[PDB]
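**Q** One structure is given below, represented as structure tokens, and several questions about it will come after.
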Amino acid sequence: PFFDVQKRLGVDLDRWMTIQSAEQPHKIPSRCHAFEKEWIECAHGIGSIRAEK
Amino acid sequence: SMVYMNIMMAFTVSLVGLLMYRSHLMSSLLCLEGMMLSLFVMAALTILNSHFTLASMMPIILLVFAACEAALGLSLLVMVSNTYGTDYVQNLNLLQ
Amino acid sequence: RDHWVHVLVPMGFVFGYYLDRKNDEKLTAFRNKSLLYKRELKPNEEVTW
Amino acid sequence: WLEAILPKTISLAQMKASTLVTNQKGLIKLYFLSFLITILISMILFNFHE
Amino acid sequence: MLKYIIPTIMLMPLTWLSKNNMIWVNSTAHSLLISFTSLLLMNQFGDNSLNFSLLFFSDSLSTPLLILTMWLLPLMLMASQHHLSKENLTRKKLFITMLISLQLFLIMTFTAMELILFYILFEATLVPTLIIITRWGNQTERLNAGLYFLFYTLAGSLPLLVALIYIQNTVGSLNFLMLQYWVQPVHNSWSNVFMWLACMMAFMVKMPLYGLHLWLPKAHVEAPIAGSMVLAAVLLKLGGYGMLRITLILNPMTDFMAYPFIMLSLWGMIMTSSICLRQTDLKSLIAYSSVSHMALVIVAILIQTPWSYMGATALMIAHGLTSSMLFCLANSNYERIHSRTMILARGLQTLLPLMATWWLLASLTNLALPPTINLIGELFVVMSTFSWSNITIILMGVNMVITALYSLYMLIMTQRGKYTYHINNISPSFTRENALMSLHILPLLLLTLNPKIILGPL
Amino acid sequence: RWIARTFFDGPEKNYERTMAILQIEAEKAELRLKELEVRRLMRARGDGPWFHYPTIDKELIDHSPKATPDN
Amino acid sequence: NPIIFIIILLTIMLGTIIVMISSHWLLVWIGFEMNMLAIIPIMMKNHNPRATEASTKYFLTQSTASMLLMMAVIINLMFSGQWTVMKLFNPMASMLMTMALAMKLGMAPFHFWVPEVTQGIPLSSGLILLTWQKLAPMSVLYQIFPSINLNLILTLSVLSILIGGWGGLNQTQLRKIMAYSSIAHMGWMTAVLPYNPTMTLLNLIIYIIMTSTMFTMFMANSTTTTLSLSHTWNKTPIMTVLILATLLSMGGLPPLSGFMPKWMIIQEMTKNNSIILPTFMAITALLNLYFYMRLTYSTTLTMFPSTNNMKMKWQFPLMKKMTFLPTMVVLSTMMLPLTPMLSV
Amino acid sequence: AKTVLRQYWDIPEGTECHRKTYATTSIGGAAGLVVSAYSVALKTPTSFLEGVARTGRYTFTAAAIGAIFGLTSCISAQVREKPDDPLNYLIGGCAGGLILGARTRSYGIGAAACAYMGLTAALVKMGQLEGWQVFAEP
Amino acid sequence: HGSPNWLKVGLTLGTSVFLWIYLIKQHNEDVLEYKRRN
Amino acid sequence: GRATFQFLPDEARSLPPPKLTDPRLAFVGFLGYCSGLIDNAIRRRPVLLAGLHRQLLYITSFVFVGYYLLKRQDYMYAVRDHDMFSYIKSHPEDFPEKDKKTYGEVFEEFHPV
């Protein structure tokens with residue numbers, strides 16, 4: 001069962017390496033970077049079960 | 001493109017009759033410790049051809065255990081063939 | 001001593017028979033029915049409920 | 001003929017627990033070849049890719 | 001209600017808590033008392049049945065049936081005393097506990113307010129019974145009676161819980177019988193047969209049809225000392241009444257398929273009594289009575305149209321006693337002579353004169369002389385089941401013949417000269433022999449005076 | 001006459017005590033028909049916070065001007 | 001020696017705490033990659049020629065079991081290129097997840113193993129620790145839960161609770177008899193799993209207790225079935241009423257708590273109008289009971305007390321928390337409609 | 001795959017009895033392989049040609065049954081009223097099971113095969129006929 | 001001169017003196033909270 | 001629900017709470033009260049009432065814990081409901097108002113024997 005402690009208290013275990021656009025230390029992008037901030041913007045307040053459709 | 005179908009046919013290196021068998025266990029354990037490089041290289045491209053820039057360490061962490069752990073399981077293979085002198089997968093004794 | 005073992009147990013009855021009286025206060029919710037069944041003016045419905 | 005039909009169930013199963021133990025004895029090669037049949041046969045069979 | 005479960009659970013530490021040998025008389029003394037409470041608030045209505053709590057209406061229902069259940073407990077310790085005096089007290093404290101541990105659920109069941117307390121308590125036995133059969137057996141064939149007693153009872157009663165959880169979420173809530181005031185029927189499909197067949201066959205495997213009774217003589221032939229739990233297992237069986245709560249409703253309108261349960265048990269009723277004539281073991285001979293004129297109720301219940309429930313209720317508690325008491329005779333006469341083989345005991349009736357009239361009044365109530373409950377429980381069967389179709393008069397008219405040769409051959413086998421080699425059999429039935437054998441024929445015939453207290457609503 | 005008033009009661013209780021506990025009931029068959037008309041079948045909406053799932057967290061995204069003019 | 005045995009035996013759960021706490025596919029690799037690294041020495045302790053031909057039949061059977069997973073992690077790194085932990089975005093991932101993850105749990109196939117290890121580990125002490133490895137994987141399957149081909153996770157289930165059932169009826173050694181019928185209870189909890197995945201955990205906790213309290217009881221000397229005959233006339237009879245107050249409750253009968261998972265589970269698996277599935281499960285756990293009966297006809301039937309065997313001494317084992325569990329492994333049914341709304 | 005049923009369960013439905021045992025020797029002929037897979041894998045079979053032969057034999061043996069089973073029905077499924085009906089489609093079971101019993105002699109099998117492989121035939125049709133689902137979702 | 005440890009004996013007693021105290025300390029507090037909140 | 005990995009959130013203030021003398025809390029630790037009596041009996045105590053310092057500290061533990069746990073259970077069945085009505089209330093298109101018909105109307109089957 002997924003407890004998600006790193007939500008409650010403060011630490012970051014991972015959460016940074018996770019997706020294709022976060023930091024990239026010197027601020028250098030990926031190729032398809034610009035489509036992430038597009039696609040995450042879509043499904044967030046969604047509950048993901050209607051996201052697919 | 002094409003380099004993703006090789007190496008993939010390579011990662012069917014599993015082939016399992018030759019994963020546990022036949023004897024000279026060291027041949028079995030071998031195709032295991034080289035089951036990597038099918039996991040490594042394959043994941044050293046997709047990370048690379050697109051610039052992730054971050055997961056780039058992951059390839060390093062795919063070895064550091066793959067050597068650490070697979071080097072453990074070598075140890076037992078001394079304990080087997082210490083008491084014998086031939087590995088020979090054909091030792092079944094504990095049965096069911 | 002006085003033999004608690006013996007008939008002290010039958011006292012379990014009135015112990016229990018009281019519990020069947022604990023509920024009637026929460027089962028009161030209908031004083032109203034047409035079958036007489038009245039709870040009309042009397043000091044009868046008033047007792048037992 | 002009441003006791004043949006139902007207790008036939010007794011000596012029906014108790015035999016199939018002699019084919020799931022006896023014939024599996026030993027030979028670490030012999031398991032491992034049979035995970036492979038199972039891991040391919042899941043490809044062709046059904047919904048598993050669909 | 002708690003008026004009952006609480007003292008009878010209060011019994012539980014009335015026993016071990018006591019001293020040495022005082023134990024038997026300690027609990028037999030109290031266990032009788034509860035019978036005043038048994039009647040006490042019961043035998044109220046009558047009309048517009050009694051329900052005193054949310055999840056209990058103790059028995060209103062006109063299936064009183066509970067007063068007996070509270071009888072047979074302090075008939076055991078008078079019954080069970082014989083050879084159980086030969087092992088340790090901390091074990092003897094057990095055998096009185098689990099025996100109560102049974103008596104506590106049979107008060108819970110028969111009330112249950114509903115279907116789903118029934119079931120989990122309908123299956124809640126077999127924990128206490130199975131433990132009495134396997135330990136304290138006699139022969140070594142007992143170990144198989146342990147299994148066969150399960151693997152039927154439990155075998156098909158799981159399809160209940162598949163069905164009763166299927167109703168709970170289909171129509172409203174089964175939480176209460178007393179609300180069926182909305183019930184739609186069951187018309188037909190290849191699904192609904194199964195529903196009706198799942199909600200039924202679990203009950204049949206208890207009160208036997210002529211199939212799947214293969215367990216009943218296996219458990220009774222070899223079974224505890226006194227019939228100690230064999231008296232109880234002749235309560236358990238008839239307690240399949242709950243088919244009276246269902247088949248009255250909850251798929252009322254399929255009679256379509258009734259016929260394979262009629263002609264299957266209606267030709268067994270003329271049957272298994274007849275395979276009982278050549279038996280060489282006495283506790284077998286009675287075990288096959290128990291099928292026969294019990295299995296007559298299954299043709300009483302399926303048919304609707306009361307005058308059957310007038311007669312179907314009187315039967316559940318008809319042999320409830322007579323079929324009980326015979327297992328009490330064949331026990332006693334076995335104490336003295338250690339074979340259960342019927343042949344061996346002959347030339348009695350000289351040597352135990354007072355126990356003559358005990359056999360007789362027992363074997364006379366399978367004959368069912370007209371005045372007692374037995375016929376007035378059978379002649380409301382024949383009156384409705386005649387109207388079904390006129391031809392039922394033949395087979396169930398034959399039942400009334402083979403059963404008469406059936407009973408006598410058991411008595412008249414004990415009228416002969418035999419002195420033969422027995423130096424045993426001295427004891428002239430010390431009081432318990434004739435005390436516990438009474439408290440049956442006294443209460444049994446008695447009810448015929450005011451026999452409106454055994455009847456259904458109809 | 002002596003007993004009936006000594007022990008039990010008449011249809012001032014065992015009637016219209018059932019009236020009492022069948023409103024402890026017909027509200028228990030109202031609320032087992034609205035789960036199975038909601039829980040089991042929500043459905044395609046995934047509307048109410050029940051069949052709701054995790055998607056992604058748009059907090060951790062970055063808006064800054066990273067260096068490459070086209071991306 | 002004695003310190004580290006608490007350093008090792010601590011790092012296990014630290015191996016499985018990074019499993020349940022993580023967002024990130026890499027960590028659920030490293031996470032149960034360091035069990036197969038940190039389990040192995042426990043098997044050893046007495047250095048015998050079985051444990052070492054055991055943990056080597058275990059090793060390479062949890063080596064690939066892992067190493068496939070890393071191939072089905074890096075598939076959906078191609079497609080969608082977003083790690084984290086959610087439906088797998090591509091069918092060759094999941095079908096290479098769930099039926100290569102069934103190796104650690106082992107399900108319907110992938111068990112020629114669970115009897116080859118649990119038998120003949122010289123260390124019976126525990127071997128209670130093979131209740132962790134049931135608890136690491138499930139803490140993936142609860143997350144990935146809305147992606148499965150759905151025709152599989154039943155097809156490994158229903159071929160399991162059957163195949164683990166028949167497996168034992170033929171068995172005597174009672175380390176195996178627990179080995180078997182521990183594939184069985186992996187049939188109920190992953191048969192549910194797509195429908196309402198809590199009321200799985202319910203079966204998961206009630207399982208961790210019951211199999212737990214067996215072993216702690218099987219620890220005094222007990223090994224082979226016919227060494228549980230010499231039990232009641234020797235060690236203590238208050239032991240025998242225990243081993244009969246559980247082994248029966250574990251297949252389950254309604255007055256006990258062993259009936260608690262089924263009774264609730266079928267509330268769930270019908271109401272979804274699949275009524276032809278659960279009977280066959282419901283009815284097959286039946287002949288899962290005939291181990292335990294016929295196990296329980298060993299100890300209450302006073303079978304030939306061993307020989308002249310005189311144990312006048314008292315005991316000094318660690319019964320730790322055994323004086324609790326079969327008051328919670330039995331009597332809890334009367335208590336709880338909590339388990340569906342408590343852990344949820 | 002799943003569709004072999006889909007054209008099996010659509011077109012013939014009581015008629016065209018030739019295609020109906022055409023495609024229903026496929027299934028009972030298909031599953032003969034899988035038992036031949038674990039036969040030599042789990043059981044030893046040291047025989048280059050001998051082993052092969054044994055395998056084939058077993059496979060074909062298993063195979064027998066699917067062929068006749070489609071036939072014993074759609075014949076009688078044609079000849080009475082010309083639909084199929086929960087009684088009609090049983091018949092393929094008993095005689096169908098007898099093939100297995102016809103093999104490896106009867107007395108303890110040929111009845112049981114006729115019996116149980118009889119009992120479990122009807123349910124199939126009876127199953128979709130009332131609209132039963134084994135594997136579902138809300 | 002009975003010989004328990006006379007070290008721990010009374011801890012279990014003393015501990016329960018804490019728990020019931022602390023239990024009701026949470027209870028007699030929280031009871032009013034319902035009304036303070038409602 | 002929200003405020004994840006919390007035993008119970010702050011929102012549980014508005015619940016009764018489940019105070020004592022409920023049969024369960026009494027029953028809770030009863031099954032422990034029959035647990036303590038075991039605790040002796042395994043080792044051949046052979047007291048059947050042994051030191052009250054073991055024969056207590058159980059009963060103390062359960063009912064405290066049994067209590068401290070029942071406080072959230074009752075909560076959960078509340079947040080279940082609360083999230084239902086508030087959905088049942090909106091989308092009235094998914095929630096019809098049935099009409100009222102006595103029997104001048106319905107026919108049943110009608111199949112007597």
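Going through the structure tokens in order, the chains are called A, B, and so on, while each chain numbers its residues from 1 and the ligands are numbered from 1 in the order shown.
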Per residue of chain F within 9 Å of chain G, note the shortest atom pair and the distance in Å to one decimal, counting only C-alpha atoms, and order the rows by chain and increasing residue number, as JSON lines.

**A**
```
{"residue": "F:36", "atom": "CA", "partner": "G:271", "partner_atom": "CA", "distance": 7.9}
{"residue": "F:40", "atom": "CA", "partner": "G:272", "partner_atom": "CA", "distance": 7.4}
{"residue": "F:54", "atom": "CA", "partner": "G:86", "partner_atom": "CA", "distance": 7.8}
{"residue": "F:55", "atom": "CA", "partner": "G:86", "partner_atom": "CA", "distance": 8.1}
{"residue": "F:56", "atom": "CA", "partner": "G:84", "partner_atom": "CA", "distance": 8.9}
```

**Q** Considering only C-alpha atoms, extract the chain G residues located within 8 Å of chain B and return them as a PDB file with N, CA and C atoms, in the first residue's frame.

**A**
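Output (part04.pdb):
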```pdb
ATOM      1  N   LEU G  37      19.570  -9.868  -2.196  1.00  0.00           N
ATOM      2  CA  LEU G  37      20.904  -9.631  -1.673  1.00  0.00           C
ATOM      3  C   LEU G  37      21.002  -9.841  -0.173  1.00  0.00           C
ATOM      4  N   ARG G  50      21.908 -28.829   2.296  1.00  0.00           N
ATOM      5  CA  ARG G  50      20.607 -28.545   1.716  1.00  0.00           C
ATOM      6  C   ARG G  50      20.384 -27.058   1.547  1.00  0.00           C
ATOM      7  N   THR G  52      22.263 -24.777   1.206  1.00  0.00           N
ATOM      8  CA  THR G  52      23.151 -24.337   0.142  1.00  0.00           C
ATOM      9  C   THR G  52      22.808 -24.922  -1.216  1.00  0.00           C
ATOM     10  N   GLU G  53      22.094 -26.046  -1.277  1.00  0.00           N
ATOM     11  CA  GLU G  53      21.408 -26.470  -2.493  1.00  0.00           C
ATOM     12  C   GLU G  53      19.939 -26.072  -2.460  1.00  0.00           C
ATOM     13  N   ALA G  54      19.545 -25.283  -1.463  1.00  0.00           N
ATOM     14  CA  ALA G  54      18.272 -24.583  -1.430  1.00  0.00           C
ATOM     15  C   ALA G  54      18.366 -23.146  -1.889  1.00  0.00           C
ATOM     16  N   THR G  56      20.400 -21.676  -3.425  1.00  0.00           N
ATOM     17  CA  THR G  56      20.824 -21.542  -4.804  1.00  0.00           C
ATOM     18  C   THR G  56      19.750 -21.926  -5.803  1.00  0.00           C
ATOM     19  N   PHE G  59      17.833 -18.497  -5.238  1.00  0.00           N
ATOM     20  CA  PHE G  59      18.542 -17.353  -5.795  1.00  0.00           C
ATOM     21  C   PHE G  59      18.196 -17.132  -7.245  1.00  0.00           C
ATOM     22  N   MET G  70      12.998  -5.277 -14.649  1.00  0.00           N
ATOM     23  CA  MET G  70      13.754  -4.168 -15.203  1.00  0.00           C
ATOM     24  C   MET G  70      13.634  -4.088 -16.714  1.00  0.00           C
ATOM     25  N   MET G  71      13.224  -5.164 -17.367  1.00  0.00           N
ATOM     26  CA  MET G  71      12.944  -5.053 -18.786  1.00  0.00           C
ATOM     27  C   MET G  71      11.564  -4.487 -19.026  1.00  0.00           C
ATOM     28  N   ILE G  74      11.727  -0.538 -18.414  1.00  0.00           N
ATOM     29  CA  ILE G  74      12.326   0.286 -19.456  1.00  0.00           C
ATOM     30  C   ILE G  74      11.580   0.221 -20.766  1.00  0.00           C
ATOM     31  N   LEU G  77       9.594   3.397 -20.474  1.00  0.00           N
ATOM     32  CA  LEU G  77      10.460   4.554 -20.596  1.00  0.00           C
ATOM     33  C   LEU G  77      10.548   4.990 -22.043  1.00  0.00           C
ATOM     34  N   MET G  78      10.506   4.057 -22.995  1.00  0.00           N
ATOM     35  CA  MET G  78      10.311   4.475 -24.374  1.00  0.00           C
ATOM     36  C   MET G  78       9.020   5.247 -24.499  1.00  0.00           C
ATOM     37  N   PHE G 112       7.487 -24.548  -8.861  1.00  0.00           N
ATOM     38  CA  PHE G 112       8.169 -25.757  -8.458  1.00  0.00           C
ATOM     39  C   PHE G 112       9.123 -25.371  -7.362  1.00  0.00           C
ATOM     40  N   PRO G 115       7.729 -25.245  -2.551  1.00  0.00           N
ATOM     41  CA  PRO G 115       8.077 -26.480  -1.836  1.00  0.00           C
ATOM     42  C   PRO G 115       9.543 -26.881  -1.839  1.00  0.00           C
ATOM     43  N   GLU G 116      10.346 -26.509  -2.834  1.00  0.00           N
ATOM     44  CA  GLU G 116      11.767 -26.850  -2.850  1.00  0.00           C
ATOM     45  C   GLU G 116      12.611 -26.007  -1.922  1.00  0.00           C
ATOM     46  N   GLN G 119      10.626 -26.615   2.148  1.00  0.00           N
ATOM     47  CA  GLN G 119      11.155 -27.896   2.581  1.00  0.00           C
ATOM     48  C   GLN G 119      12.656 -27.802   2.685  1.00  0.00           C
ATOM     49  N   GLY G 120      13.202 -28.377   3.733  1.00  0.00           N
ATOM     50  CA  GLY G 120      14.619 -28.586   3.782  1.00  0.00           C
ATOM     51  C   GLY G 120      15.461 -27.339   3.829  1.00  0.00           C
TER      52      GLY G 120
END
```

**Q** Can you pull out every residue from region 9-45 of chain A that DSSP, working from the backbone, puts in alpha helix (DSSP H), and format the result as a ChimeraX atom specification?

**A** /A:33-42

**Q** Residues at most 8 Å from region 61-69 of chain H, counting only C-alpha atoms, excluding those fewer than 4 positions away in the same chain, as a list in words?

**A**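 Near neighbours after the sequence-gap exclusion: residues 21, 22, 24, 25, 26, 27, 28, 29, 30, 31, 32, 57, 73, 92, 93, 96, 97, 99 and 100 of chain H.
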
**Q** If I take CA of residue 197 (chain G) and CA of residue 263 (chain G), how far is one from the other in Å, to one decimal?

**A**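 Calculated distance between CA of residue 197 (chain G) and CA of residue 263 (chain G) is 15.9 Å.
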
**Q** At a cut-off of 12 Å, using only C-alpha atoms, what residues contact residue 33 (chain D)? Leave out same-chain residues fewer than 6 positions from it and give the result as a list in words.

**A**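 What passes the distance filter is residues 14, 15, 16, 17, 18, 19, 20, 21 and 22 of chain B; 27, 39 and 40 of chain D; 110 and 112 of chain G; 37, 38, 39, 40, 41, 42, 43 and 44 of chain H.
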
**Q** Let me make sure I understand: among J:38, J:60, J:49, J:30, which one has the smallest atom-to-atom distance to chain I if we use only C-alpha atoms?

**A**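 When distances to chain I are compared using only C-alpha atoms, the smallest one comes from J:60.
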
**Q** Please identify all polymer residues within 6 Å of region 43-57 of chain E, counting only C-alpha atoms, omitting same-chain residues fewer than 2 positions from it, and present them as an NGL selection string.

**A** (:E and (59-60 or 111-113)) or (:F and (14))

**Q** Per residue of chain C within 6 Å of chain E, note the shortest atom pair and the distance in Å to one decimal, counting only C-alpha atoms, and order the rows by chain and increasing residue number, as JSON lines.

**A**
```
{"residue": "C:12", "atom": "CA", "partner": "E:7", "partner_atom": "CA", "distance": 5.6}
{"residue": "C:13", "atom": "CA", "partner": "E:3", "partner_atom": "CA", "distance": 5.6}
{"residue": "C:16", "atom": "CA", "partner": "E:3", "partner_atom": "CA", "distance": 5.1}
{"residue": "C:17", "atom": "CA", "partner": "E:3", "partner_atom": "CA", "distance": 5.4}
```

**Q** With a cut-off of 10 Å and counting only C-alpha atoms, select all residues of chain F in contact with chain H and give the selection as a short mmCIF file (atom, residue, chain, number, x, y, z; two decimals) with N, CA and C atoms, in the first residue's frame.

**A**
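Result saved to result_12.cif:
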```cif
data_model
loop_
_atom_site.label_atom_id
_atom_site.label_comp_id
_atom_site.auth_asym_id
_atom_site.auth_seq_id
_atom_site.Cartn_x
_atom_site.Cartn_y
_atom_site.Cartn_z
N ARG F 39 -21.82 3.37 -6.27
CA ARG F 39 -20.53 2.70 -6.21
C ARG F 39 -20.25 1.91 -7.47
N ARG F 40 -20.94 0.78 -7.64
CA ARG F 40 -20.77 -0.05 -8.82
C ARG F 40 -20.85 0.77 -10.11
N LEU F 41 -21.83 1.65 -10.21
CA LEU F 41 -22.01 2.41 -11.43
C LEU F 41 -21.85 3.88 -11.09
N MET F 42 -20.68 4.42 -11.42
CA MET F 42 -20.33 5.79 -11.10
C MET F 42 -20.72 6.62 -12.31
N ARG F 43 -20.16 6.37 -13.50
CA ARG F 43 -19.09 5.40 -13.78
C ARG F 43 -18.03 5.98 -14.66
#
```

**Q** Can you pull out every residue within 10 Å of residue 46 (chain D), counting only C-alpha atoms, but drop anything in the same chain fewer than 5 positions away, and send it as a list in words?

**A**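 Once the nearby chain positions are removed, what remains is residues 41 of chain D; 149, 151 and 152 of chain G; 1, 2 and 3 of chain H.
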
**Q** For the residues in the current selection, export N, CA, C and O atoms as a compact mmCIF listing (two decimals), in the first residue's frame.

**A**
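Final output, out.txt:
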```txt
# COMPACT_ATOMS: atom_id res chain seq x y z
N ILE D 41 3.60 -19.10 -24.19
CA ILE D 41 2.23 -19.48 -24.48
C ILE D 41 1.25 -18.42 -24.04
O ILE D 41 0.09 -18.43 -24.47
N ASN G 149 -4.46 -7.00 -17.99
CA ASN G 149 -5.22 -7.63 -19.04
C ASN G 149 -6.45 -8.36 -18.53
O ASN G 149 -7.28 -8.79 -19.34
N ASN G 151 -7.71 -10.91 -18.08
CA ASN G 151 -7.98 -12.30 -18.36
C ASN G 151 -6.89 -13.18 -17.80
O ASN G 151 -7.03 -14.40 -17.81
N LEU G 152 -5.83 -12.57 -17.29
CA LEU G 152 -4.67 -13.25 -16.74
C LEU G 152 -4.76 -13.37 -15.24
O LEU G 152 -4.86 -14.49 -14.73
N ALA H 1 -7.24 -17.66 -30.85
CA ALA H 1 -7.50 -16.60 -29.89
C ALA H 1 -8.99 -16.47 -29.66
O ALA H 1 -9.77 -17.31 -30.10
N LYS H 2 -9.38 -15.40 -28.98
CA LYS H 2 -10.77 -15.27 -28.57
C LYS H 2 -11.74 -15.33 -29.73
O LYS H 2 -12.90 -15.69 -29.53
N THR H 3 -11.30 -15.00 -30.93
CA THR H 3 -12.28 -14.87 -31.99
C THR H 3 -12.71 -16.22 -32.57
O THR H 3 -13.83 -16.31 -33.07
```

**Q** Using only C-alpha atoms, which protein or nucleic acid residues come within 10 Å of residue 16 (chain F)? Drop anything in the same chain fewer than 6 positions from it, and give the result as a list in words.

**A**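 Using only C-alpha atoms, the neighbours found are residues 27, 28, 29, 30, 31, 32, 33, 34, 35, 36, 37 and 38 of chain C; 22 of chain F.
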
**Q** Pull out every residue of chain F that has at least one atom within 12 Å of chain C, counting only C-alpha atoms, and report them as a ChimeraX atom specification.

**A** /F:7-24

**Q** Selection from above, C-alpha atoms, as an mmCIF file, in the first residue's frame, can you write it?

**A**
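Okay, result_2.cif is ready:
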```
data_model
loop_
_atom_site.group_PDB
_atom_site.id
_atom_site.type_symbol
_atom_site.label_atom_id
_atom_site.label_comp_id
_atom_site.auth_asym_id
_atom_site.auth_seq_id
_atom_site.Cartn_x
_atom_site.Cartn_y
_atom_site.Cartn_z
ATOM 1 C CA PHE F 7 -46.393 -11.057 32.957
ATOM 2 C CA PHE F 8 -46.891 -9.866 29.372
ATOM 3 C CA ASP F 9 -48.681 -7.189 27.340
ATOM 4 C CA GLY F 10 -51.163 -6.849 24.503
ATOM 5 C CA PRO F 11 -51.393 -5.066 21.171
ATOM 6 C CA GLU F 12 -50.168 -1.930 22.715
ATOM 7 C CA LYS F 13 -46.660 -3.380 22.281
ATOM 8 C CA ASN F 14 -46.157 -6.514 20.196
ATOM 9 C CA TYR F 15 -48.308 -4.581 17.853
ATOM 10 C CA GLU F 16 -46.905 -1.123 17.192
ATOM 11 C CA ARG F 17 -43.540 -2.218 18.382
ATOM 12 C CA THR F 18 -43.190 -3.612 14.885
ATOM 13 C CA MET F 19 -44.274 -0.205 13.674
ATOM 14 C CA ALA F 20 -41.293 0.931 15.705
ATOM 15 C CA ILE F 21 -38.551 -1.232 14.213
ATOM 16 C CA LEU F 22 -39.734 -1.111 10.592
ATOM 17 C CA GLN F 23 -38.503 2.439 10.474
ATOM 18 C CA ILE F 24 -35.219 1.030 11.715
#
```

**Q** Looking at B:85, B:3, B:59, B:51, which one is nearest to chain F, with distances taken over only C-alpha atoms?

**A**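 That would be B:51, the residue with the smallest distance to chain F.
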
**Q** Return the neighbours of chain A among the residues of chain J, cut-off 9 Å, counting only C-alpha atoms, as a PyMOL selection string.

**A** chain J and resi 3-6

**Q** One number please: CA of residue 305 (chain G) to CA of residue 233 (chain G), in Å, one decimal.

**A**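 Atom-to-atom, CA of residue 305 (chain G) to CA of residue 233 (chain G), that is 6.2 Å.
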
**Q** Enumerate as a PyMOL selection string the residues belonging to chain D that approach chain E to within 9 Å, with only C-alpha atoms taken into account.

**A** chain D and resi 2-3+6

**Q** Select all residues from chain F having any atom no more than 12 Å from an atom of chain J (counting only C-alpha atoms, ignoring ligands), output as a list in words.

**A**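 So the contacting residues turn out to be residues 31, 32, 33, 34, 35, 36, 37, 38, 39, 41, 42, 43, 45, 46, 47, 48, 49, 50 and 52 of chain F.
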
**Q** Quick one: distance from CA of residue 42 (chain D) to CA of residue 62 (chain G) in Å, one decimal?

**A** 20.4 Å
